[PDB]
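Novice:
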Amino acid sequence: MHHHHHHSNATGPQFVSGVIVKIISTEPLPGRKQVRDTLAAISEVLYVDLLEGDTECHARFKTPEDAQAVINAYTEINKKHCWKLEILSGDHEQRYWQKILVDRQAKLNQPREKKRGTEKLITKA
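If you want the entry's author numbering, it's the 1-based position in the sequence shown plus 436.
1) Along the beta strand (DSSP E) that carries residue 460, what are the first and last residues, could you check?
2) For residue 558, which beta-bridge partners are listed by DSSP?
3) Should the stretch 452-467 be regarded as contacting the stretch 529-542, the criterion being three or more beta carbon pairs within less than 8 angstroms?
4) Pick out the complete beta strand (DSSP E) segments inside the stretch 475-527, 3 residues or longer, and give them in chain order.
5) With a Cβ-Cβ cutoff of 9 angstroms, do residue 493 and residue 486 count as a contact?
6) Determine the burial state of residue 548: buried for a count of at least 16 other Cβ atoms within 10 Å of its Cβ, exposed for fewer.
7) Going by the beta-carbon positions, is the gap between residue 466 and residue 518 smaller than 9 angstroms?
8) Please check the pair residue 491 and residue 461, which I expect to be a contact at CB under 8 angstroms, by giving their CB distance rounded to whole angstroms.
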């Protein structure tokens, strides 16, 4: 396991943070369908995680440049409806992602019909 680099303020795991884009409004927020269509209309996005029933949505991008370009262009958004765009960074970005990863583990429970027997599962074993 070759040493990445000596002591020079480094990081930890290189988990593609899909660039987290924090979007906050004051009401105009039409919804995930509209918010997704919006941001996606300015620049193709990967996935948009909008807090269903909330005014705070966080869209994930596949590239960092895409997020910067969208946030810069979002200034125009106000032309129709006041909207806020902020790119998560540092512990803030990692923190939000931490929540995502945890959600992925919990997702273990998938709908549909699977297995046979009583309602009991243990990591499949």
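Here a beta-carbon is modelled for each residue, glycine too, at the ideal position from N, C-alpha and C.
Specialist: Based on what the coordinates show:
1) Taking the first residue of the sequence shown as position 1, residue 460 is located at position 24. Here the beta strand (DSSP E) through residue 460 covers 456-460.
2) Residue numbering aside, residue 558 sits at position 122 when the sequence shown is read from its first letter. Beta-bridge pairing links residue 558 to no other residue.
3) When C-beta atoms of the stretch 452-467 are compared with those of the stretch 529-542, three or more pairs fall below 8 angstroms, so the two segments count as touching.
4) Correct list: 483-486, 492-496 and 520-523.
5) Looking up residue 493 in the sequence shown gives position 57. Looking up residue 486 in the sequence shown gives position 50. In contact: residue 493 and residue 486 (Cβ atoms closer than 9 angstroms).
6) Within the sequence shown, numbered from 1, the residue matching residue 548 stands at position 112. Exposed, because fewer than 16 other Cβ atoms sit within 10 Å of the Cβ of residue 548.
7) For the purposes of this step, residue 466 is identified with residue 30 of the sequence shown, where counting begins at 1. For the purposes of this step, residue 518 is identified with residue 82 of the sequence shown, where counting begins at 1. Judged by their CB atoms, residue 466 and residue 518 are not nearer to each other than the 9 angstroms cut-off.
8) Locating residue 491 in the sequence shown gives position 55, where the first residue counts as 1. Locating residue 461 in the sequence shown gives position 25, where the first residue counts as 1. 6 angstroms between Cβ atoms; contact.
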